[PDB]
Amino acid sequence: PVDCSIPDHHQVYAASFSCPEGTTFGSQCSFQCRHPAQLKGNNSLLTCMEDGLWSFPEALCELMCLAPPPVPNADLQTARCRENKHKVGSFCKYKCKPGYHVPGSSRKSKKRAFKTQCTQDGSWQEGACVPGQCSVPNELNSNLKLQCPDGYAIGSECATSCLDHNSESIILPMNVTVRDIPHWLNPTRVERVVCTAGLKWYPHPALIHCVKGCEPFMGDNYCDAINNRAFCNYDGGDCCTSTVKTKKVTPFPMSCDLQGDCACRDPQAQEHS
Amino acid sequence: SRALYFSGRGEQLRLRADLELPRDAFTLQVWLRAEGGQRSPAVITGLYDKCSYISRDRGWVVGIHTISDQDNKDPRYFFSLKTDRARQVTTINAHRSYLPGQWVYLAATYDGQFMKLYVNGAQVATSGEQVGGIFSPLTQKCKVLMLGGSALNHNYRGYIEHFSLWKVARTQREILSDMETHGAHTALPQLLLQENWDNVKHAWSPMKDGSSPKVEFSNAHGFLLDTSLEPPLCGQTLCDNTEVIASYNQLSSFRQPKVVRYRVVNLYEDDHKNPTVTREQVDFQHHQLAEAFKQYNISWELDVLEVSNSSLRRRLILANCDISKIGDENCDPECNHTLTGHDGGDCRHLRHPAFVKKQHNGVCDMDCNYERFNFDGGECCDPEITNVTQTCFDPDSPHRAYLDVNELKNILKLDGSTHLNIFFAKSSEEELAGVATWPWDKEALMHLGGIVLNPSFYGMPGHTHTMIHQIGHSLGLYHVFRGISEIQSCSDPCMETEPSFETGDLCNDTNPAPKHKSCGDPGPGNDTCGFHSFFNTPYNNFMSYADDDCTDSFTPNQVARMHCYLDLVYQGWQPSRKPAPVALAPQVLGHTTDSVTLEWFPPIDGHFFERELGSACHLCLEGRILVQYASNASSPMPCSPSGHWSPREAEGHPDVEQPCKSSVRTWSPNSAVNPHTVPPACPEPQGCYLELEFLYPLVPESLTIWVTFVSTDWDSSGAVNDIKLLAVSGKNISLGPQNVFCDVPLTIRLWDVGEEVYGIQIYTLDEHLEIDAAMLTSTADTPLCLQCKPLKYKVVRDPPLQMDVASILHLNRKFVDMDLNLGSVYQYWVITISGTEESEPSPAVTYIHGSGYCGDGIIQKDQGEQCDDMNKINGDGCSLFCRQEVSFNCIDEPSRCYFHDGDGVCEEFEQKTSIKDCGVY
Amino acid sequence: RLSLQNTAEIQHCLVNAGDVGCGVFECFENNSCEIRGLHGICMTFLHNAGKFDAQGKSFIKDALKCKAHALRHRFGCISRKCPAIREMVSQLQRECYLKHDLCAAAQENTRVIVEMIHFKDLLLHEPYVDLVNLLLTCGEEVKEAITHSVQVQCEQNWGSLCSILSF
Ligand SMILES: *[C@@H]1O[C@H](CO)[C@@H](O)[C@H](O)[C@H]1NC(C)=O
Ligand SMILES: *[C@@H]1O[C@H](CO)[C@@H](O)[C@H](O)[C@H]1NC(C)=O
Ligand SMILES: *[C@@H]1O[C@H](CO)[C@@H](O)[C@H](O)[C@H]1NC(C)=O
Ligand SMILES: *[C@@H]1O[C@H](CO)[C@@H](O)[C@H](O)[C@H]1NC(C)=O
Ligand SMILES: *[C@@H]1O[C@H](CO)[C@@H](O)[C@H](O)[C@H]1NC(C)=O
Ligand SMILES: *[C@@H]1O[C@H](CO)[C@@H](O)[C@H](O)[C@H]1NC(C)=O
Ligand SMILES: *[C@@H]1O[C@H](CO)[C@@H](O)[C@H](O)[C@H]1NC(C)=O
Ligand SMILES: *[C@@H]1O[C@H](CO)[C@@H](O)[C@H](O)[C@H]1NC(C)=O
Ligand SMILES: [Ca+2]
Ligand SMILES: [Ca+2]
Ligand SMILES: [Ca+2]
Ligand SMILES: [Ca+2]
Ligand SMILES: [Ca+2]
Ligand SMILES: [Ca+2]
Ligand SMILES: [Ca+2]
Ligand SMILES: [Ca+2]
Ligand SMILES: [Zn+2]
């Protein structure tokens, strides 16, 4: 007898097949629609026909989305969305409650309303609603220099400069020193320091250390290890294949390991997705 | 009747969901005129699933796609289908690459077990892989029928007329009947759609983006009596056709005396002394020529041309030599010669280091005159130091001591359209004395064509039948040893194994012979293949390599070929003004109870209008449309400011023997450079451009470009980045990038151009693209063709027409005979009257009224009809002359022809030849 | 005498190989005109680039770029004959290095350049000869350093012959 073979996902989409009688001529395999697909019809049996191909299915596993979950601090605007019947691609509009706004909205225009779509796997696309003088800085780094044109009066701003013109004056997290910087951490850039009314420099000079700033080799298609860090654009995307313009990675110098420092470290690369 | 034009840029239609699409069986029927250079694939129409998120290949598709997807080369009609229940998509193709610009009845059917594809009613494909219905009724709302392309921009460029769709499968007789109705409308129960495009919005809604194809008036569904007669596999023109050449063979009235003028180019010094050929040579050679050709109805009129030009006379004229090959450090014996520096030194080696001292001496000597010493730095090519004619051997200095015949021909600019120019050269080979241009070249009638001869072998006792050999070459005769010594290989598809009209020299009465210099029969083992021995070889024929002491005659078939080419191409040479005859007998279209209809072919030369000197009407076609090729051609010299340059290979009619292969008869950006120079890259995104100008500026209607070669790598830009129409007023309409195939001439329609166009500019980013030629087709009733008179046909019958008919003349090539008696025998022939001078009678047709004939739908085997399809169109399997076409088998009566070599069923007569169906024998 | 097939493959190389790095110089090697050393200049410079200072890393960024770009263009309709090609390559070296101030960068890294230059590599590859020649006119102190190294290496590799030639 002719073999229709084990029925694949092509016979019926989004369903699993049970074949107690086998997959030979005259067999009948019964299909169950997987969650959340709902069966629509009167039969769920596929017969193995004489031509060698499974028969037509009399019913289909319709894909649908149930009632969307209530987004915090948001009010549903579409009444029909309160039901438990939404086909794939259906849109539901939400309006953020007063005092709240959608994340990612521009400052010039805070969008208090957004929409979500019933995606193909039966779930819903995510959306949210987000609401005298001062002491001389005696304790300073060797590479760090402070320039104070306005004296040390409370509120005066002194410019933080480094001995290396390719070094930035920054303050690292308390758990990370100068040599402890992970690839994923972007330190806080510090430009000026202000002495407050408490007769103290803020931020304190002792917390500022001149960490080596990246060389101008950013974005020159040369993946160099020094600039390959989150502090500056991961060398302008040179080290990650998708980000670089030439679509090829040539580490500078050659001795830099493609599996080491010059490896693609940007988490936004398609290889990391 | 109206037809849609799909511009190929995004115009698509979508059938409205109100119609119940067919599930189990269907029949598509569409007339279409596809243009050249489609996007691969190009969906004409298809059924698609809009709900299947994963497998979009469900449904079916009819369109045009390239076979041999690597190096997209062979664009064929195709029918793809994948039922809901099948595992893989199934694609079937037509038998041959589609023909652009021709109306084709594409019909595809599927009965539930057999999918079939019909092209002009002849079943060209069949596949039994797809079984079952196309789609279950449950998924009926998820099917959309889309015309002009898929939603994936598989767009189709060209015309679509009378779309029709049935819910049953139509047998071949039913499809043929529907074809013959030619768009006649009637409602049938199995008819889902029948479209005459009277109201597109009523049934079809345009796809998104709101671009709807344009609705024109269809010129016609077709033309009775398909006049397109292709030459055989070896042949080149209409005179190689067996039907045409049979008329010149059997009839003696097609070989009436003809006077053909030839001009002898005799160079001279400025003082009119030192002739290239003495007057005795011309007189003696002319006498021998007249004697040989007297018995074959060809007489030559002698014109002698004296050119007094020492600057040309003193230099050495070269034949078969290419100037670019001199000094390339590769030995070229054909460019050997004393005054060429022995190929510029490529063929002369010596103890070179012993000549460093002679450099910088300021005086020419001998050793320094070579390319590796750079020709003494131009000391030897200076007229002041020394004597150029024996010292300036360099191929770049304009004062070089040698020319070739191509440059000599360019200098003289002789009128080649009214004489046979006999130039003189120095043929280095001991094989031939020169090169004679074929009748089917561009230069056959231009100033660059003629015959080059050796003055030492002209008019000399013992060397006179080398000019008659060359003249035979210029009148279309092949070498009698073609098919054995001039074949590409022993497996050449038209090697002359036995005397035939379709193989070898295309002359039956000339037995196969090898390349043999003595006029005895060739000895055993003198064959390249050695498969068979040669008997009764035409050793004494003028077209054989025997000496002049033994070659004496042309066989009667060769005389027929010469006279056919004296009517086809060389009507200008003869001073006689007799118009060319109609080559083929008037075919019989159909008969009634009291009448018979006759349609005959145009005159053999192909001109439909009276030949007037100086007018443009020798280019006009029927309906007074003017078709012309690229006359001028110019393209900037690479890596040189300005540069101008003139690529003469992209002028005239197309001349590439084998498309999709690099050829020397094309414009190629790489060919623009000195071969001693690295070819540049085409400039960034504008591209190298080739400007082609046309002799008669006029309102264009369609542009045809023969892109012979394309590099295979990049995208779908087709390597033709842009095409601009140089308007007369000074505008330049850009047509945007075009998709091209390497073996299908890129056709474009210029319905949007309202101003006189005098030229085009074909831009390309390809450094290997090759343009063979261009062509401008005018609109109907173009201004230049209005005034000139048309040819008029006169029909004569035996017995003579009862009423005193003056033939009433004719213009339509159609005669309806009213005076007929049942059972009486009638003979008809047509006489072409061009003004008042009648041509020779065409071959007669014998129609016995009330009896059968060729084209009546009944296979009268006694008359010799291998098939009969009640129709006068070639390419439908049954030829025009009631003969089966190659690879088509015809059944039933009237004949239904199908392409059997791969129809999915092996048969009895396919076993010995068809391995695709019957397997290895 | 540049082979036509060789020319075709090099021409297809250049339009495909990227500017950055030395994919460009890679298949300009093995040319029929025996011009070798451009790719060696790439590898020598790139490998020893880690030893260059900030200014030196700038020079290696931009001089290799000039040579790659210029060899992609000057290899236009230059004469197919070898002497023309050798002159085109030589002029690439001179113009690219001089435009980008080879002298001062070399002066910052004299100790490095001495290591990069090899007497053996000097004889095998003409581009190396042009490099050292341009260095000789880039400061007396640097030229002195180069002379020291070249004579010692030549003396070791050639024995008494080097002393004979070093008059
Ligand atoms: C559906 O199936 C039931 C049995 O489960 C049967 O009684 C009924 O007739 C069927 N209806 C249709 C429309 O086939
Ligand atoms: C030459 O022409 C005469 C008519 O003048 C004709 O009878 C004869 O058959 C012709 N012969 C050839 C060889 O063309
Ligand atoms: C001869 O032809 C040449 C072209 O090759 C031309 O330059 C010259 O003026 C002509 N006349 C004479 C007398 O040389
Ligand atoms: C050129 O002619 C010279 C002298 O006749 C001969 O020695 C040389 O072989 C020839 N060059 C060829 C055959 O390419
Ligand atoms: C060039 O040849 C001519 C031939 O008549 C001769 O008169 C003249 O003296 C020659 N000149 C040189 C420089 O050889
Ligand atoms: C072809 O030539 C052969 C002899 O080689 C002869 O028997 C035959 O009749 C000829 N056929 C035609 C159509 O000329
Ligand atoms: C051919 O075209 C070029 C470029 O447009 C032009 O300079 C030249 O005069 C033209 N020649 C003819 C004969 O039209
Ligand atoms: C073509 O037309 C454009 C304007 O569309 C104009 O700028 C240009 O000069 C014209 N000629 C060519 C050769 O591009
Ligand atoms: Ca970088
Ligand atoms: Ca040569
Ligand atoms: Ca000399
Ligand atoms: Ca023959
Ligand atoms: Ca051509
Ligand atoms: Ca018949
Ligand atoms: Ca037919
Ligand atoms: Ca078959
Ligand atoms: Zn010949």
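**Comments concerning the interface of chain B and chain A**
Working step 1: Each partner contributes to the interface: chain B provides 15 residues, whereas chain A provides 17 residues.
Working step 2: With both chains or domains summed, chain B and chain A bury close to 1,200 Å², and 58% of this area falls on carbon and sulfur atoms.
Working step 3: Together, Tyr53, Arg85 and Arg87 of chain B form the three largest contributors to the area buried by chain B at its contact with chain A, with a combined 52%.
Working step 4: At the junction of chain B and chain A, the tally comes to two salt bridges.
Working step 5: Across the pair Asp8 of chain A and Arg87 of chain B runs a salt bridge, and its minimum N-O distance is 3.3 Å.
Working step 6: In this structure, the connection of chain B to chain A is made through five residue pairs in polar contact.
Working step 7: Counted by class, the side of chain B that touches chain A contains seven nonpolar, four polar and four charged residues.

**Some thoughts on the sheet that holds strand β30 (residues 746-749) of chain B**
Working step 1: Ordered in space as β24-β25-β32-β27-β30 (chain B), the five strands form an open sheet in which the pairing is antiparallel. Since the sheet does not close on itself, it has two edges, and those belong to β24 (620-621) and β30 of chain B, each with one partner.

**Examining the site of ligand 4**
Residue and element names in this part refer to chain B.
Working step 1: Within the structure, ligand 4 sits among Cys331, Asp332, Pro333, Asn336, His342 and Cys347.
Working step 2: With respect to ligand 4, the side chain of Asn336 contributes an N or O atom lying 2.4 Å from a nitrogen atom.
Working step 3: Between ligand 4 and the protein, one listed contact pairs an oxygen atom with a side-chain N or O atom of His342 at 3.3 Å.
Working step 4: Out of a free accessible area of 360 Å², ligand 4 has 52% covered by protein chains.
Working step 5: Here the shell around ligand 4 is built from residues that sort into three nonpolar, two polar and one charged.

**Observations regarding the sheet that holds strand β12 (residues 157-162) of chain A**
Residue and element names in this part refer to chain A.
Working step 1: Taking strand neighbours across the sheet as the criterion, the four strands line up as β11-β12-β15-β16 in an open arrangement whose pairing is antiparallel. Pairing within the sheet leaves two strands with one partner each, and these edge strands are β11 (144-147) and β16 (201-202).
Working step 2: In terms of strand pairing, β11 meets β12 through four bridges, oriented antiparallel. In the strand pairing of β12, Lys145 is matched with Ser161.

**Focus: unusual backbone geometry**
Working step 1: Residue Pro36 of chain A is reached from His35 of chain A by a cis peptide bond, and omega for that bond is -5°.
Working step 2: With respect to the helices, strands and loops of the structure, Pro36 of chain A is situated in the loop between β2 (28-33) and β3 (38-40).
Working step 3: We note that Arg813 of chain B has phi near 55°; this positive angle belongs to a residue other than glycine.
Working step 4: Following the sequence through the fold, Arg813 of chain B ends up in the loop between β33 (792-798) and β34 (814-817).
Working step 5: Given the relative accessible area of 8%, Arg813 of chain B is considered buried.
Working step 6: You will see that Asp101 of chain C, though not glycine, has its phi angle at about 60°, which is positive.
Working step 7: With respect to the secondary-structure elements, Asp101 of chain C resides in the loop between α5 (82-99) and α6 (102-108).

The rules behind each value
- Residues numbered from 1 in each chain as written, not as in the entry; some residues may be left out.
- Chains lettered and ligands numbered in written order.
- Heavy atoms only, no water.
- Contact = heavy atoms within 4.5 Å.
- Buried area = accessible area lost by both parts, 1.4 Å probe.
- Salt bridge = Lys/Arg side-chain N within 4 Å of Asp/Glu carboxyl O.
- Polar contact = N/O pair within 3.5 Å; in protein donor to acceptor, adjacent residues only side chain to side chain.
- Nonpolar A, V, L, I, M, F, W, Y, C, P; charged D, E, K, R; others polar.
- Pairing = 2+ DSSP bridges.
- Helix = DSSP H or I, 4+ residues; strand = E, 2+ residues; numbered from the N terminus.
- Near = heavy atom within 4 Å.
- Areas by Shrake-Rupley, 256 points an atom, 1.4 Å probe, with all protein chains shown as cover.
- Buried < 20%, exposed > 50% of the residue type's maximum accessible area, 1.4 Å probe, protein only.

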